[PDB]
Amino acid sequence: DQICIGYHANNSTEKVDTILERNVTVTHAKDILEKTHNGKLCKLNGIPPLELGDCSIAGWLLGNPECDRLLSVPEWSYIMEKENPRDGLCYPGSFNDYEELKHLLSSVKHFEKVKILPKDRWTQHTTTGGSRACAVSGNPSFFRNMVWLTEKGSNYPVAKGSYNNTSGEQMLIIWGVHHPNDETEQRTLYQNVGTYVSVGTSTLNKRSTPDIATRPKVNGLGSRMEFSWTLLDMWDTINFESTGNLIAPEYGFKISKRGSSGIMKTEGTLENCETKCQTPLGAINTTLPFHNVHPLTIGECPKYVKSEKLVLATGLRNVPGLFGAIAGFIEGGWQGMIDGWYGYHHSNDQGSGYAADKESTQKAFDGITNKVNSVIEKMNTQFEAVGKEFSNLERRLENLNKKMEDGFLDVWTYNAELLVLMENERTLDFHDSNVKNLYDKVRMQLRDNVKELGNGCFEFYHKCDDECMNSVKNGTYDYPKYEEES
C-alpha cells in the first residue's frame, strides 16, 4: 500500500524567464504587456476628435476657403491634424504664438463661431479685397473669417471698431497685419504711409507697424500676412484702431474648456468606435500595466515601455527550486492529475487514483491571483497627451521634453523587465514550497508506519484502505496502530 505527493503538469509550451534561469517552461502564464490595437481612430471617453482633414488649425480658424468641407463639431476631445497639412495660410505669412493656440484648441468643451464685427458695417472702407493666393474658382478670394480693410474712394479714414464680449464665454479672437512688397502697393491699398495696427483689451496692448520690404515669392506673393490672437474675457472689450494694414476679424470663437488634450498627427480618419486610450496606429483597450504600441498616445494609457514580452509565470514549472521538491526529489509531474496544482496518488487493493488537494491548490490559486492583480491594479494611471508641439526656435524646449519622455521610458522598462524577472523566480519557488509543505504535512502524520521511499511516496507498512487514505489527506490519521511492527 502507498500514498504519493505530486504536482500538476499539462502540455503547455509557454516559456517565461526568471532572475536565475531563462526559457523556463511553465504550466500557465499571463502576459501583462499590451501590444495590440484596433487600427481605428476613435472617440475618446465618448467625445469625438476635431477632424481637420488636409487643413491646419490656422487654415481652419482663418477660414481658408480650402477648409470649407470641415465637419465642425461643438465639442471635441483631441485634434486630428496631418504631418504637413496642405491648406494653411493660403496667403503667405505667419501666426504668432501658434503652438500655444493649438495647445488651447486641442480640447474644447464648447466651441461656437459668432459674428462680432459684421463686414457690412465697415462703411468708409473697402471690404471686398481678395487674392488669387486664396482663389476660389480662379477668382481672387480671402479667408472667410477675416476682412481685408483697404482704401475706399481714395481715402482711408482711421479705422475704428470694438466689440464687447457678451456671449458669456471666453472668446478667441484673431487679427492680422499686412506686409506689402513695396511702397507703391502700400499706397494703392491704403493711401497712407505711416500706418499702424492697434489692438487692446483689459489685458492686451499691442501696436504693430507694417514692414515694407522685398521678399522671396511665396504663392507668387512677396507680401505677407502676420496674424496674432488673444482670449477676450467675459464682459471685457476689444478695441481695434488702424490707419491701414489691419486684417480684422468678422467672427469670434466662444470657447470653453474643460481640460486639455493634444494634437494627434495621422493620415487616417475617424471611425466610430470607443476608447479611453488612442494611438496614431489605433486604439488600445486594456487593463494591462504596460504596452509598446506607440509612444504618442492620448488618454488613460498604460506605461509605454521598450519590451517585446513581459510574461508572468502563474502556474508551476511544467515537468514532463529553493525547496527542492518540484523537479527536485519529486522527479516529475503528473498529467494524470487534473483537479488542481498539487495532490496525491495512492495505490490500494480497492483501486489506484489521482486526487488534487483542494485546500492547498485553492490557497495557491488565490495567492497567484493576488500577485497578478497586485502587479496590475497598483499601477497609477492618469490622462495625458504625450505628443507635443514646439516651434523652430524651441528646439531646446522640445529636447527637454524628449530627455524627459526618454527618462521615464528607461525607468519603466528597466523596472517592468526586472519586476517580471524577480516576481517569476518567486512564483516558481512558491509552487515548489507548496508541494514540499504538502509532502512534509503527510510525512509528519504517517511517521513510523511507512517506509519513506524518496521519490515523494510513502509505502505503508500497515494496510491503508480508502477510509485510511482519506484520513491521510484529511489531517486525521492515527497512528495508534501499530501494525507494524508485526
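The first residue of the shown sequence is 1; numbering continues from there.
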{"property": "Between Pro320 and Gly321 - deposited residues without coordinates, as a size class", "result": "4 to 9"}
{"property": "Mean C-alpha B-factor comparison - 202-210 and 84-92, higher one", "result": "84-92"}
{"property": "Mean temperature factor over C-alpha atoms, higher-scoring stretch between 150-158 and 134-142", "result": "134-142"}
{"property": "Highest-ranked of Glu99, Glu405, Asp120, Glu226 once sorted by CA temperature factor in the record", "result": "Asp120"}
{"property": "Maximum C-alpha temperature factor, selected from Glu308, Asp236, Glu394, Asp410", "result": "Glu308"}
{"property": "Chain-relative CA temperature factor third for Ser72", "result": "highest"}
{"property": "Entry-reported Cα temperature factor of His28, expressed as the chain third it lands in", "result": "highest"}
{"property": "Assigned third (lowest, middle, highest) for the C-alpha B factor of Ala416", "result": "lowest"}
{"property": "B-factor third for the C-alpha atom of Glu425 within its chain", "result": "highest"}
{"property": "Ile338 by Cα B-factor - lowest, middle or highest third of the modelled chain", "result": "highest"}
